[PDB]
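**Student:** Protein chains in written order, with the entry's author numbering: chain O, 11 to 30, 42 to 72, 81 to 114; chain K, 10 to 116; chain J, 8 to 118; chain N, 10 to 115; chain G, 3 to 301; chain H, 3 to 301; chain I, 3 to 248, 253 to 301. A virtual CB, placed ideally from N, CA and C, is assigned to each residue, including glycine.
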Amino acid sequence: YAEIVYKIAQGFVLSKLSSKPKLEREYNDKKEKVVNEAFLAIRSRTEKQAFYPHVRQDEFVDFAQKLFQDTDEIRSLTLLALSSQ
Amino acid sequence: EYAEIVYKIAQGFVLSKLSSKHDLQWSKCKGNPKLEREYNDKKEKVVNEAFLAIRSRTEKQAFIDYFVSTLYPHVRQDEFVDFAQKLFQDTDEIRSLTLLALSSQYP
Amino acid sequence: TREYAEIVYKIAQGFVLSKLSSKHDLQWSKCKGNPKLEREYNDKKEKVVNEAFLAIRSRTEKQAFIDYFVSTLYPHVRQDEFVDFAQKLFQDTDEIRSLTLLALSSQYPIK
Amino acid sequence: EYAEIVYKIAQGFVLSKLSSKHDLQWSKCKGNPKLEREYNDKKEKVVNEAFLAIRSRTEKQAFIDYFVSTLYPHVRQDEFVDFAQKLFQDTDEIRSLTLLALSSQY
Amino acid sequence: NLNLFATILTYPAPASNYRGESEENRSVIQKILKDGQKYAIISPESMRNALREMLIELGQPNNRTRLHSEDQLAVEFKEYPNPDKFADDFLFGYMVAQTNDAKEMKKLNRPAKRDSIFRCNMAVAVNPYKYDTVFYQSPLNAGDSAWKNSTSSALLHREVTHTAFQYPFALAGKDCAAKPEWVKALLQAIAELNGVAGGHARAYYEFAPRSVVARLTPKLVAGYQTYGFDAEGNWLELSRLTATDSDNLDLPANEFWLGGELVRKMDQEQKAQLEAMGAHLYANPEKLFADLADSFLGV
Amino acid sequence: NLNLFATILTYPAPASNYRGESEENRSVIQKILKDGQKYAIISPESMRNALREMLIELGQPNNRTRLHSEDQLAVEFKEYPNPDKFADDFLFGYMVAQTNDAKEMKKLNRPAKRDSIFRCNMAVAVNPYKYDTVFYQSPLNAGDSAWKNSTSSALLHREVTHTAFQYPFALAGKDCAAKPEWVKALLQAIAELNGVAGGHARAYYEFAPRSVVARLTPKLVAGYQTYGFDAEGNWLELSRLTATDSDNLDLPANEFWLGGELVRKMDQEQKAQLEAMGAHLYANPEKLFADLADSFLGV
Amino acid sequence: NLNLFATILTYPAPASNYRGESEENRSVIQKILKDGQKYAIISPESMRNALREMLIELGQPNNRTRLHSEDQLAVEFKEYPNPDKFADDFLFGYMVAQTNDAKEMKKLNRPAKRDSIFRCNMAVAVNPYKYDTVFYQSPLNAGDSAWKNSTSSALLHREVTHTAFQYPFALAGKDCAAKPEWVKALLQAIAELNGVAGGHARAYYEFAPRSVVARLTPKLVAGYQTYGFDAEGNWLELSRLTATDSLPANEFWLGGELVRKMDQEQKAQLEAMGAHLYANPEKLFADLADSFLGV
DNA sequence: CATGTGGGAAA
DNA sequence: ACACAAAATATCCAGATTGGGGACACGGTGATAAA
């Protein structure tokens, strides 16, 4: 289920990028570097801050998964987002 | 390729840190020997600093918390999954692998 | 591996020489004409090699031998074959322990 | 060729161990007959205890680890790797040569 | 009625009890089992020596005594070992012969001691060995040059394990003339065992109380048991099928078991039903050997 | 209904069985198999002697008995053996002779007994040998020189292996007039044999009940078995395809084999499936023998 | 249609059936091959005797029988053998007469009898001999001196080998008047034989069932087979270089125990080519004997 | 009877 | 919600020593018989 974290991270990063020819390449390269500021803020968390295929089932189930191995989740957002840039 | 990934990420990390500290593209060093001497001095300083940093902490969660945060691995677009799923023995062995890779690069 | 056996011998002798040179700023290049320097040189070599040999022989185990070898020893510089040699090492280590014991114990000065 | 080096290894081990333990050499032994007697009997004792220790534990790991003792006498400069590989692989004739060399010194 | 089979285990505690030897400065321990793991053992002759010592503790005449004398390991051997020796020689031990003197020591007794009424086997650690050691000491010298020991101050090592281990034993009930006086001493001694170690100055370890499962049958030396407990020590799972069909289904009967310390486990329901078959009542193992020794013996 | 086959294995335990001799002070063990490893064995005459001893144990007349005498191994011969002996001579053994007196002791019986009624093979450890040993020893010296043994107090070694081993046997049904009474005792003794070793003061273990694969059919000695089990102890993998198809496909019949202790393995549905054809019902081998001796016999 | 060849092997087991003698009294097993390795063999006479014994076991007449008697080894002459003997003499058995009795047994039958019909060969251990041995015997001495044997009691060695061996055999189809009834019994017996050794109180093993292959061809005794099986038992390679090229034809093979190997795809293609549809070796001799026979 | 060596990666 | 930046330099153990002593099996036995 690590691939799920990879997919959600990549999709959400692209969503923020879309929210707001070497010119096209440098634009994407510099903008993705800009979005890294949000991640260093998120990876400053210790336990308590900031809290696709389906919505009903995940809240019924994944909510339990989130609260028992939250220590695992720290590697996900750190390792996966960094791998992009 | 497993261990090759560790070697590549360590080498890329040391090169990236050296480029951040001092000008990159070593081929510009060229003939002036003093440039080689200072380049090697900075290289070994960075390498042994990382060596000490990883050596003093090799115990489970703290080790990975320092390893993932301060190192910049490759993309491994989809091949990374197997690297993540077997993380327990992966860490148990890559402590030694990373120590060996860092120790390999001295002048 | 015979190639890795030569690697082990070379890295052992290199570690011994480099540690002696760094710790007591002593160079064999000044051997000629200073026999007393030869006595303290051999004394320092005895001390360092004896300490290393006792430390390595003290315990035998997978994790202890592996992490002591990777921490307190600095291997030589090679481009790629380290992955092959290491991966061959991790299945079986006792022969590697015997080989490194042989290489380190061969460093004793004669008489 | 390795038989000669094994014999030299055993002889050097015996002489160096005796000299280190009880500070005796050949010349002062030649000094007076009592010292021949004492040095000779102690040499018999040490070679006998070594032979008794080595006569058992006949397998790969046990023989290798008991070979770890004696401080690998006079291995000297490793000009030749074939001893490290082929002889470690054979691990049988080495025991016979070591036993014969130890028994030869009495 | 004429046979007695049992196995005895111990409490967990750190135990070194070094037995081996090595110049490598590590007092090795004995390992025999081969399943990818190492198990520590205790050889039975040490337990035999402890039994002899305890028979010495109670009033029991003996012909063999250990003396503390010149460095060679020696025994004061006293009188001729006769089969009519009250405690030690008759119960076990043998009468050796090299010359056998003249006319078979005046045509007395028999120098062939074949029977050893106490049958003993080695113990198994039932816990995998760990490569841990202890850096417990450095030898130190003398300064006033009086009774000077080894010249230098050496260093060495030792290793310990946190383990609990069991052993089986058995004996056949044949004689009733002289045995009843001496056999009772053996059973009392077994309940209490003290020693069976190299040096009790460190890691003194005793294995007196724990669960026991003695079994007496007129089956001419036959045992359904396996002589092994679990890591937790609940070996009784195999008897779960055996106890249910005591009355019917062509399986062993109700008087087919004995109890021990393990009965004090938390559950109680099947202990109430198991009471209808076996004598699972003795909470204290020392009390068990007081009763079932009487039934096995003549009185 | 005229032949009986079986192969029997045991429980896991350490075994000493000191047989060989060595100047190097190590009682070696016998190895026969060549697959790159060594295996421990049992000589058949050892279990033959054990069977003789337990024929003595139950009330059974005999002509052979062991006595303790001068160091030459001697056995008391009692009356001259005759084929119409009760337990020992008729069941096995030959009346060897050098002179054979005059006219075959006045034409009494015959000096040629064919062979043992039942034939057995040596056992195989079915577990690789390991070079482990026990430093179990320290002989001492006499103190008062009274009945003193050898002067010095030397050191030596011994080795053991944690192993469980099996052995086959078979017999043919020829006589039914006097044979049944002693065949019953033979089967009862086979159900529980004890000994078959030199050292029982140390390293005690019993090895009769572990599983039975008995067979009795009028095929005149046909064996589909390989006389080999696995480490986990079940061999039904290759023989499960053979056990079924009792009605057709010319495959070994239903009342062709018997059960043992392996039937108590966890799963039961296929046990019920096999129940429809074969007689795999008896969990205890001792009960199995009491029934199949009657079935094989006339009554 | 008139000749049948076959080879038979068995299950692994220790060895027995010694013949040689030693000055220092260690029983010795036979050795033949001198190429740096040893092997154990069995002379054909032993298995011929065992086959005779099991022909006696089933209801079959005979003029020869072994009697247990005085130390000298003797065999009962019984009555004058005739070629029309129902089981044994017709099957095989050669008689040679020094005097030729009276006028060539009264001008009857034929004087010298040709065994023929049945053939045999060596049995080869197909596994090298090893120097392993066991010292076992510790004889007894009488305590009452009643029919006492040798005075002393000794300790001597004996050796065994964990081995399984094979042997070939053959027979030709010449007679069909009275032959089939006895040939059926002969095939039943050879399908399950036992003994062929002296020591069966110890070292008991039986070698009837294993992977058997037979060939019924009018080749006049020519065999493509090398008469050798795999040490591990997977001798099937000789079939692969042959079966795929059907230059033996389609109906030039049979099957035995080896057919129950887990692989099945090439079994199907060979089923349409060879009639090795038998998994039970006993069943094989029941049917293919009829094909060898005229009816 | 004794010391030796370099350089990159991605939507 | 726009933009800006995410640390910099020196140093990472020092010295002394690595078991000591006594002992490595005792006795009895090596197949008889027919070709």
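1. Rank G:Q139, G:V126, G:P113 by C-alpha distance to the C-alpha of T165 of chain G and give the top, closest one.
2. I believe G145 of chain I touches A76 of chain H by the beta-carbon criterion, under 8 Å. Please report the beta-carbon distance rounded to the nearest angstrom.
3. Just curious, the beta strand (DSSP E) that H164 of chain G is in, first and last residue?
4. At what residues does the alpha helix (DSSP H) containing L60 of chain H begin and finish?
5. Can you confirm whether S28 of chain N, when its beta carbon is compared against all beta carbons of chain H, has any partner nearer than 8 Å?
6. On the criterion of 16 or more Cβ atoms from any shown chain inside 10 Å, does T163 of chain I qualify as buried, or is it exposed?
7. List the residues of chain K whose Cβ lies closer than 7 Å to the Cβ of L108 of chain O, in chain order.
8. How about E68 of chain N: is its C-beta nearer than 8 Å to some C-beta of chain H?
9. Applying a beta-carbon distance threshold of less than 8 Å, which residues of chain J neighbour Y133 of chain G?
10. Please list the terminal residues of the continuous beta strand (DSSP E) segment that includes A15 of chain G.
11. Quick one: using the 10 Å Cβ neighbour count with 16 as the cut-off for buried, is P211 of chain I buried or exposed?
12. Are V56 of chain N and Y115 of chain N touching if we call contact CB-CB under 8 Å?
13. Are the segment 21-38 of chain K and the segment 81-97 of chain O touching, with three or more C-beta to C-beta distances below 8 Å?
14. Beta-carbon within less than 8 Å of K33 of chain G's beta-carbon, same chain only, minus the 5 sequence neighbours each way: which residues are those?
15. Would you mind reading off the limits of the alpha helix (DSSP H) that contains residue 1 of chain N?
16. With DSSP as the reference, label residue 6 of chain N as helix, strand or coil.
17. Please confirm whether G262 of chain H has its beta-carbon closer than 8 Å to some beta-carbon of chain G.
18. Have a look at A191 of chain I and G61 of chain I and give me their C-alpha separation to the nearest angstrom.
19. Measuring alpha carbon to alpha carbon, tell me which residue in G:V301, G:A255, G:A52 is nearest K181 of chain G.
20. Thinking just about the alpha-carbon of each residue, which of G:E23, G:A17, G:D177 is nearest to the one in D117 of chain G?
21. How would you call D296 of chain H, buried or exposed, if buried means at least 16 neighbouring beta carbons within 10 angstroms?
22. Going by CA-CA distance only, name the one from G:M268, G:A99, G:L110, G:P287 that's closest to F209 of chain G.
23. Within 8 Å (strictly less), CB to CB, does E78 of chain G reach chain H?
24. Hey, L69 of chain I and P220 of chain I are a contact pair by Cβ (cut 8 Å); roughly how many whole angstroms apart?
25. Between the alpha carbons of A224 of chain H and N51 of chain G, how many angstroms are there, rounded?
26. Name the residue from N:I103, N:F92, N:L108, N:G40 whose alpha carbon lies nearest to the alpha carbon of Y16 of chain J.
27. Going by the beta-carbon positions, is the gap between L93 of chain G and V214 of chain G smaller than 8 Å?
28. Judging by CA-CA distance, which residue of N:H31, N:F72, N:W35 is the nearest neighbour of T153 of chain G?
29. For the alpha helix (DSSP H) holding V185 of chain G, just list the boundary residues, first then last.
30. By the DSSP assignment, the alpha helix (DSSP H) with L93 of chain G in it spans what residues?
31. According to DSSP, is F120 of chain H helix, strand or coil?
32. If you count every other CB in all the chains shown that lies within 10 Å of the CB of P42 of chain O, and 16 or more means buried, which is it?
33. The alpha helix (DSSP H) with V90 of chain K in it runs from where to where?
34. Go ahead and label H202 of chain G buried or exposed: buried means 16 or more other beta carbons lie within 10 angstroms of its beta carbon, across all protein chains shown.
35. Please classify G40 of chain N: does DSSP put it in a helix, a strand, or coil?
36. Taking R9 of chain J as the query, report the chain N residues whose CB atoms sit under 7 Å from its CB, ordered along the chain.
**Tutor:** The answer reads as follows:
1. Stepping through the fifth sequence from its first residue, residue 165 of chain G is reached at position 163. With distances taken between Cα atoms, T165 of chain G lies closest to G:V126.
2. Here residue 145 of chain I refers to the residue found at position 143 when the seventh sequence is read from its first residue. Here residue 76 of chain H refers to the residue found at position 74 when the sixth sequence is read from its first residue. That pair is a contact at about 5 Å.
3. Here residue 164 of chain G is taken as the residue at index 162 of the fifth sequence, counted from 1. Unbroken beta strand (DSSP E) run through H164 of chain G: 163-165.
4. Residue numbering aside, residue 60 of chain H sits at position 58 when the sixth sequence is read from its first letter. Here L60 of chain H belongs to no alpha helix (DSSP H), and DSSP marks it neither H nor E.
5. Numbered from its first residue, the fourth sequence carries residue 28 of chain N at position 19. Judged by the 8 Å Cβ criterion, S28 of chain N is not in contact with chain H.
6. As a first step, residue 163 of chain I must be located in the seventh sequence, where it is residue number 161. The residue in question, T163 of chain I, is buried, as its Cβ has 16 or more Cβ neighbours within 10 Å.
7. Taking the first sequence and counting its residues from 1, one reaches residue 108 of chain O at position 79. Within chain K, the residues near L108 of chain O are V77.
8. The residue labelled residue 68 of chain N in the question sits at position 59 within the fourth sequence. Yes, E68 of chain N lies at the interface with chain H (some Cβ there is under 8 Å from its Cβ).
9. Along the fifth sequence, one-based indexing puts residue 133 of chain G at 131. Under the 8 Å cutoff, chain J gives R66, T67, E68, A71.
10. Taking the first residue of the fifth sequence as 1, we reach residue 15 of chain G at position 13. Unbroken beta strand (DSSP E) run through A15 of chain G: 15-17.
11. Counting from 1 along the seventh sequence, the entry for residue 211 of chain I is found at position 209. Result: buried.
12. By one-based count along the fourth sequence, residue 56 of chain N stands at place 47. By one-based count along the fourth sequence, residue 115 of chain N stands at place 106. Taking 8 Å as the Cβ cut-off, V56 of chain N and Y115 of chain N qualify as a contacting pair.
13. no
14. Numbered from 1 along the fifth sequence, position 31 holds the residue referred to as residue 33 of chain G. If we look at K33 of chain G and ignore the five residues flanking it on each side, its Cβ neighbours are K40, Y41, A42, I43, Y131.
15. Any question about residue 1 of chain N goes unanswered here, given that chain N covers just 10 to 115.
16. A query on residue 6 of chain N cannot be resolved here, the shown segment of chain N reaching from 10 to 115 and no further.
17. By 1-based counting over the sixth sequence, the position of residue 262 of chain H is 260. Not one chain G Cβ lies under 8 Å of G262 of chain H.
18. The residue given as residue 191 of chain I occupies position 189 in the seventh sequence. The residue given as residue 61 of chain I occupies position 59 in the seventh sequence. Roughly 12 Å separates the two Cα atoms.
19. One-based indexing of the fifth sequence puts residue 181 of chain G at position 179. Ranking the options by Cα distance to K181 of chain G, first place goes to G:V301.
20. Here the question's residue 117 of chain G lines up with position 115 in the fifth sequence. Cα-wise, what sits closest to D117 of chain G is G:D177.
21. To locate residue 296 of chain H, count along the sixth sequence from 1; it is residue 294. Under this definition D296 of chain H is an exposed residue.
22. To locate residue 209 of chain G, count along the fifth sequence from 1; it is residue 207. Selected option, being the one with the closest Cα: G:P287.
23. Here residue 78 of chain G corresponds to residue number 76 of the fifth sequence, with the count starting at 1. Cβ-Cβ to chain H under 8 Å: yes for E78 of chain G.
24. The residue labelled residue 69 of chain I in the question sits at position 67 within the seventh sequence. The residue labelled residue 220 of chain I in the question sits at position 218 within the seventh sequence. No, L69 of chain I and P220 of chain I are not in contact; Cβ-Cβ is about 43 Å, not under 8 Å.
25. Position 222 of the sixth sequence, counted from the first residue, corresponds to residue 224 of chain H. Position 49 of the fifth sequence, counted from the first residue, corresponds to residue 51 of chain G. Computed Cα separation, rounded: 54 Å.
26. The residue labelled residue 16 of chain J in the question sits at position 9 within the third sequence. Answer by Cα proximity: N:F92.
27. Here the question's residue 93 of chain G lines up with position 91 in the fifth sequence. Here the question's residue 214 of chain G lines up with position 212 in the fifth sequence. Their beta carbons are not under 8 Å apart, which means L93 of chain G does not touch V214 of chain G by this criterion.
28. Within the fifth sequence, residue 153 of chain G is the residue found at index 151, counting from 1. Nearest C-alpha to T153 of chain G: N:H31.
29. Indexing the fifth sequence from 1 puts residue 185 of chain G at position 183. Where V185 of chain G is concerned, the enclosing alpha helix (DSSP H) stretches over 181-193.
30. Looking up residue 93 of chain G in the fifth sequence gives position 91. That run of the alpha helix (DSSP H) goes 90-93.
31. For the purposes of this step, residue 120 of chain H is identified with residue 118 of the sixth sequence, where counting begins at 1. Strand.
32. Within the first sequence, residue 42 of chain O is the residue found at index 21, counting from 1. Classification of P42 of chain O: exposed, given that the 10 Å Cβ count is below 16.
33. The residue given as residue 90 of chain K occupies position 81 in the second sequence. Element bounds for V90 of chain K: 89-94.
34. Here residue 202 of chain G refers to the residue found at position 200 when the fifth sequence is read from its first residue. Under this definition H202 of chain G is an exposed residue.
35. By 1-based counting over the fourth sequence, the position of residue 40 of chain N is 31. DSSP places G40 of chain N in helix when its eight states are reduced to three.
36. Against the third sequence, residue 9 of chain J aligns to sequence position 2. Near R9 of chain J (Cβ distances below 7 Å), the residues of chain N are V90, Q94.
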